[PDB]
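Structure first, then comments.
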Amino acid sequence: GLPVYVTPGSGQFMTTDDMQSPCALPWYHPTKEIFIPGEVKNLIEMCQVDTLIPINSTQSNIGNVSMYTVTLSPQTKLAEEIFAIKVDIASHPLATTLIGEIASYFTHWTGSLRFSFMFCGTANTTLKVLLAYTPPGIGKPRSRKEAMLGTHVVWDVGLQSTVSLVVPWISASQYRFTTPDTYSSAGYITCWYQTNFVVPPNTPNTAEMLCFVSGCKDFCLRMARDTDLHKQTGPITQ
Amino acid sequence: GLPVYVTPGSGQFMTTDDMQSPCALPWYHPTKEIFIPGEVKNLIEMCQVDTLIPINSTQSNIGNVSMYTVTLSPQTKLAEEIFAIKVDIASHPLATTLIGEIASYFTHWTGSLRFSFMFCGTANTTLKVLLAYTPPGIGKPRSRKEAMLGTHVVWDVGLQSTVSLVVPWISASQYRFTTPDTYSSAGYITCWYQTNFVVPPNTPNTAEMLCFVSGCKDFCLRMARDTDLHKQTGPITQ
Amino acid sequence: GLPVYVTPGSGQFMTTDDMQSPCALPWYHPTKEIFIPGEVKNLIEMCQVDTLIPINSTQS
Amino acid sequence: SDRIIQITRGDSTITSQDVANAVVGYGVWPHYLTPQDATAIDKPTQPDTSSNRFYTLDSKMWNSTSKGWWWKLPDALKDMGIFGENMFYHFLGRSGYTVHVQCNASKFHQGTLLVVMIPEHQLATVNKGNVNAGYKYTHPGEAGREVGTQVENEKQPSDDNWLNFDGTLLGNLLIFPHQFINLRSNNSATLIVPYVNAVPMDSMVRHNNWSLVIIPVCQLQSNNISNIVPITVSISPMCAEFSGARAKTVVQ
Amino acid sequence: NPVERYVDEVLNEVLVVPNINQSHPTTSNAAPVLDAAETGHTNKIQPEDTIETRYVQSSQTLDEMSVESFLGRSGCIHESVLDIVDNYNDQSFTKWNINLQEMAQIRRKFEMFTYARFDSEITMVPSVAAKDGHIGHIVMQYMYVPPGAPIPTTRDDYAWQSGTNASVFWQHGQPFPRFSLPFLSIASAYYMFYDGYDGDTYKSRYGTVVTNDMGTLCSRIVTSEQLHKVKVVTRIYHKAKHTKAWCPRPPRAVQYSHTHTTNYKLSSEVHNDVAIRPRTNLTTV
Amino acid sequence: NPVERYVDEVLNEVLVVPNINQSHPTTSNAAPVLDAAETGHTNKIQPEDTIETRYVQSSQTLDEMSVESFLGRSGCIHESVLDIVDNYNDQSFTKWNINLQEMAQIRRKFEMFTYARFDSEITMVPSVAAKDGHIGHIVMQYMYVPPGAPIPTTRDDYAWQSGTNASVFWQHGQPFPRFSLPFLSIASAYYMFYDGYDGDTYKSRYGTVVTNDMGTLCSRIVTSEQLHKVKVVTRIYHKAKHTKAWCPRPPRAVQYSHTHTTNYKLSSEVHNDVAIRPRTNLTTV
Amino acid sequence: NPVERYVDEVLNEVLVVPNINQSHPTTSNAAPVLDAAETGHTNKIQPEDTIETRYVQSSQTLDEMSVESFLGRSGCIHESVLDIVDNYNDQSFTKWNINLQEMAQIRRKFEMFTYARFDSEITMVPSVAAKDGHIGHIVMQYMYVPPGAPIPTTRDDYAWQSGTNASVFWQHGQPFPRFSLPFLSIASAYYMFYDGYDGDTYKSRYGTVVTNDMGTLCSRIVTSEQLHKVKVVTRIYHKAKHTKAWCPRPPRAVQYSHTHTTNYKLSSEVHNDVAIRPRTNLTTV
Amino acid sequence: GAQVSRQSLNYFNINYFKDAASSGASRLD
Amino acid sequence: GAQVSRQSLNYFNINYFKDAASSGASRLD
Amino acid sequence: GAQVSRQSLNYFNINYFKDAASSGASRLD
Amino acid sequence: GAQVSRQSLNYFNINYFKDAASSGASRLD
Amino acid sequence: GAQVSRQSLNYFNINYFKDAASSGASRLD
Ligand SMILES: *[C@](*)(=O)[C][C][C][C][C][C][C][C][C][C][C][C][C]
Ligand SMILES: *[C@](*)(=O)[C][C][C][C][C][C][C][C][C][C][C][C][C]
Ligand SMILES: *[C@](*)(=O)[C][C][C][C][C][C][C][C][C][C][C][C][C]
Ligand SMILES: *[C@](*)(=O)[C][C][C][C][C][C][C][C][C][C][C][C][C]
Ligand SMILES: *[C@](*)(=O)[C][C][C][C][C][C][C][C][C][C][C][C][C]
Ligand SMILES: CCCCCCCCCCCC(=O)O
Ligand SMILES: CCCCCCCCCCCC(=O)O
Ligand SMILES: CCCCCCCCCCCC(=O)O
Ligand SMILES: [Zn+2]
């Protein structure tokens, strides 16, 4: 017979191996494939779709649709802060968004993020807001002046209800860890009143805003891992 | 020697594997093959042949040739029901027919069924009968009117003794389970008097009818399995 | 199957062997290589550089 | 103008002067079944204009406390003219749909409805073990279901809008074909969905292919609350075809 | 082209079923639905002849229904037991007159044909039960003894020398033994049924016992007597390869009772002896 | 060229992400940052549209994010236990109605799609615990019983003959058993979700239990009763191969409670039921 | 020519050292022996410049001195111990934060460079010590848990399902497990040294701990509790493949004390802390 | 024993033993 | 079953079993 | 994966797995 | 050691060892 | 490493490892 040398690794079962194996049902012909709309070939397709950020997920709002809305109203003090969150793709409150969930199945991420905001007040309600991205190496801005020294978009509410702020990939390393890591923390996104929320008389004095997130053309995930956003604490029975 | 990697599965014995093995009798020359009439190359050849359905298999008829005949006679009420059975290839009373037995060696089936009926009364006995197939999603028809809204054949008894009713493949899925499964139940076949059984004087007032079943050009079985229509409850000895 | 003869040495682990082995992370694409000054390809490069001899290494 | 739309189906024409474009589910326009994908062998019946027309369902009232509404297809149209008749007389059916949700208010009102079309929306029950949603509850017909009104029963489906009535988060419903009716911008939503299933045709009586879910994500608010603001849904089957004719199935 | 044919093998699309063609309404004096079963032929009517069908492209294949596939699955045909109780010399070896009649599962499949010709793949699964705790080093010998060759009468019989007979030695821990056997009959095919005798007297034998003698399989634990007793059960699995079959027949409807014979037993309630489930009446589905 | 394509496979550079192009200041009446989410579409704005970017050559690939990669990892789907306590005949065999619903890890991944079609690779990891000290010679039999085939009711049931069913025999000490299974559905794809019933009455079953019946896996210790008792746990691992998936959906946000159903349980403090960590307020990062 | 190059590989003659040429007496105002070390350069004087040499053909090669060769030898980086003493559930599994800093032998070699990039070959050598006599059937599971993935807290934790993580199952008696790992850094090369922090405060971490997080290796005895206790020690060996290294540095002169840091300890008699052997005086060889 | 086809998609139908009984399952037709 | 390419850098995409389900992970696209 | 050279002295530089990390020690230069 | 014939039905009569005594059963004639 | 000769009687003198010390007994002369 042909002389062979059994190499280390032989006989082991590695869950990620890619070997061939005999078919238990020889001659079996599987059912004809039919056309079904909506085929997905790569998870990136799901990362490019906007999903809502549960940005107002305070303990009292969780379990309510209100955990998805930010309330705006006429201010008495100028340049007030509206909200502030970390840009880290798998940090809270970004974690449960579709992109955050998919990112949690990977160890590394890279690319730019697209954050969108839709104003839901009346057609007669006006507002100008400043959305800013603060690159790392500094704390979150304490004021609008501090925040606007960074990347930002001044949003004027009008006929078109939605605006998009892109958080560019500004990192030392080509990739960052999806899991919270000091070295790879991506920074912050803050929102401030640029002017003010203004309404005519007989119009509601508060309005909501919805927040979305998705990945830009260069978003990419790497090193598959099991998610920490879901668990099994017991047997799943019939 | 050539470095090799022993893969998972090595050393196992799978009853359906397809490997080569050394011959215990080297140099042995088998007996010359002669021509023998009746060679069978595929089980489909056996599924295309009509066999009798033990349609009248009531407890008292089992063990008698009468379990294969349906009796017809002059009716006093119009549109009476003659018989009703499920179309499921491996359900009773279709189970013990040749096609039902072969189907029981497989897990899935598809295609149209051909049901034939041969009238065995005198040459002077006349009759018109309505044979109907009721697709699933509804109960078995309670009347002739209900039954004829489905697929059907009006059989006129005459010179040619036999008629055939084809149960077309009308299913959501491409295949159905041979074993009784709610989701894959194929429907029913009922027989009703269209007119009446009529005879001249001095002629027997009842007559028999034989029922056959076979598969059409598109009948097909899949996923070989052991049959549940035969068992072994003890050792088979010499 | 192809008749084979398992040779002596099979199954052993020699720290200096040179075999191939399955990758635990299939499909993974490593980080792009960038230019970094000072690449060393052979230890001889380090042996050709002068270093000081602690010639007066008396205990004191 | 890009704000206007006219949709003609059979003998019905619907208009809106404030639209937000239209969504074609998964980018596939509805079409009849081809011989390559077909399995049932009988010739299908295609009612055409008598079935592929707009059917308007019962209107609902949207108020400050509304939690949402949902309808299942083809169930919602089981009683709609020729389409309804065909789905009961035949074992198999197949159809696409044009869904047009309507809701007008004023330039002094605010509110936002998330309109989603979900394929295979298998509903869950909450804290009831392995007891699943009863047939009756997932087949409400044209009345649909008003979330947070139904007095609980064992077979009563989940009414948790934030968990999509199935154990997944509301914010992620956007992965399904959807639109928003944001009162400041539009007064209607239009979604055209193709037939989606793992089989070419199916029983329209026991399998609901699509579920129309409407959740007010931004509360309806105005300074003229006495004026009722309804939500009206009009659905038009597209390329409806049926197979396996027999007597009419009577449910219950 | 052997490569196109190859692809068909991998995909299992060697034997395709025909399509259903679109049909139309008809009014004719040709009635395909009418025929005469008396002729002994099956009416070849198809769905297009009785209803208005649509055109459907078939993608089903009959590959799995081939005789090679049907009989080409390895099934158990014998369970050999070597139970060391109190006498190693007597209990460490045994013999079995080879046949495919003792296990109903494979017997019934082969018996759906009158004659069959095939090569055989035999795989053995030995399992050593440690009755006292340890198994030691178990080495087994399986010798194929053709009719006429001397059958060993003791565990040290000279016949075990296997100077000519084929013997397979298996060592515990090593993979399951397996070998192939060419078509062994002196005839052109094996008789699954035989309406004949080995003579013409009242005491002549009837049936396949007359024609189907395949010899004896003699087994022995090669290892000498050990302190701890073991029970070695060797299950023999058989698979038919390169199969041809002739003259199909009705499947066995009742339980088998003996080898090489169609004999059966019937109870007072025959419905319990067959798979037929009694119907309430003709109209109860 | 299949060789250039080959190199891309080895390097994992089949799907490359686009580069970032250099952009400049703009003053225009075209405002790409403004749009209308009401349309149901995602604004396709890129970094070059909102800031002045530099040119950067991308070297990232999406190969690992493919559906084949995502679902192509072997995960545990079942842990079969054969614990010999006091009755070998009753405790030496078992059965399991096959499904991918009992282990949350792989179930959640497959459920991110509505329909999926794939071949399956099954690898088994048996571990024999010597409860009394010795294990003897353990030989296992794993039989795949398709719906309808007879299920063994005893360790010596005739069904174990496996005359037609596929059985895998494993011998302790030999490598882990493994085999592939073709796409088994009667439909064109497996239903991950099914908003349907098996009938139209109040007692009709709802969900995937109606459509996803894959049969039963029957296991048995082939070795006869041994002096020393053992506990054999066989873990079944499943990997999807040649995968296609349709209609993506939101990931399971709460714990699973039962197989074939989306049912869940909620506590009085719902924030404990989801992965969402409560924020102190809107401005606390 | 790849075949000539091939022969050089087999003979290990890819990198040849130059010959020594014959030289002659000289009287010149060019003095190659004189130079200025202040420049930071090494005087490139050769033997032919200082003495009268003969011609000698060199046959020495530098192949073995290549970085691939130097770092391409498998060395132990960790010794994992699973000692079953009195609680199987608690003592049958463990975890290790992966690093190449715990064993001085390979650590010192890699640290002769500032940055290094390579793929890794991991070979594991498990040895089962029978503390009570028998070992039974030992099956091990080694799961690679990337940073962020859930770490198992019990031997039956759902994380062991390995639905996505790579797990290697080894069965006692089978050859030593082995697998390769691609270059895992988020950077272009691994930092052997890092003069940086993960922040700018007094409590910020310093060194390679900030940049070199490779996850955790979680091990577990898959086999359920057995009567006899065992002590399983798994030694992990690492070999660098396809290596590149940058910026060479002085070798570690004192003993290592901790991972990820250059910290060291000095005694009162420093000559005992370094390999320098004290000289009696300048003229005592 | 090797039946080498070409189409490139080369097929190798190898017969490892010298007796016909030794080969695997037969082709069809 | 062998898909032999040439470029020399020859590629051998061998399929050891006769059923499609038996082959390893699929290529992409 | 096979780099076949010819000189006859044919060289077969086979790569048994589909990931670059899997190959043995690198050539030099 | 390989006697390669062609007919395509290629025959490979491989001799794995370097001594004649090592080869299997002889051909006939 | 393969020295392929032809005469057809093809000879394959394969060297499985990359070091000369690894090869078997030397030819003569
Ligand atoms: C056929 O009758 C002989 C079977 C020979 C078995 C060995 C097959 C492997 C051949 C490898 C040769 C490589 C060609 C260079
Ligand atoms: C493909 O369908 C058949 C797979 C055959 C498996 C054997 C592969 C090794 C071939 C070696 C031949 C050497 C050529 C001379
Ligand atoms: C390379 O990418 C594929 C590696 C294939 C491994 C199999 C190598 C043996 C090939 C034998 C073929 C014989 C030619 C006839
Ligand atoms: C004969 O004297 C030498 C025997 C060599 C044994 C190795 C046989 C396998 C050859 C595979 C080569 C594939 C060709 C590309
Ligand atoms: C020589 O330096 C490389 C040795 C490669 C060892 C593998 C030998 C088997 C080659 C089979 C190839 C089949 C050709 C198609
Ligand atoms: C030695 C193992 C058993 C070999 C069996 C092959 C012989 C098949 C002949 C079948 C004839 C019969 O059983 O009546
Ligand atoms: C016999 C080992 C298990 C084989 C599993 C393959 C079947 C996959 C079908 C998944 C359907 C479901 O779980 O709902
Ligand atoms: C899972 C087995 C161990 C894998 C080790 C490969 C990682 C090498 C990175 C070295 C970084 C360091 O130790 O500082
Ligand atoms: Zn012992």
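Chain letters run A, B, ... following the sequence lines, proteins first, then strands; residues in each count from 1.
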Using side-chain heavy atoms (C-beta onward) and a distance below 4.5 Å, is [X] in contact with [Y]?
X      : Y      : answer
J:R27  : J:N13  : yes
G:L184 : C:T31  : no
G:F118 : G:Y190 : yes
A:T107 : A:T179 : no
F:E64  : F:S69  : yes

With F:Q174 via side-chain hydrogen bond (donor to acceptor under 3.5 Å, both in side chains) - residues at least two apart: none
Taking every non-hydrogen atom, the tightest pair across A:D18 and J:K18: OD2-CD, 4.0 Å
Heavy-atom pair of closest approach, residues G:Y237 and G:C76: CD2-N, 3.4 Å
G:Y256 six-ring centre to G:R108 NZ/CZ under 6.0 Å and within 45° of normal: no
E:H134: ring-ring contact (aromatic ring centres under 6.0 Å, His included) partners, not counting sequence neighbours: E:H228, F:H134
Sequence neighbours excluded - ring-ring contact (aromatic ring centres under 6.0 Å, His included) pairs with any residue from residues 73-109 of chain G: G:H78-G:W96
F:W170 and G:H137 aromatic ring geometry - parallel, tilted or perpendicular at 30°/60° bounds: tilted
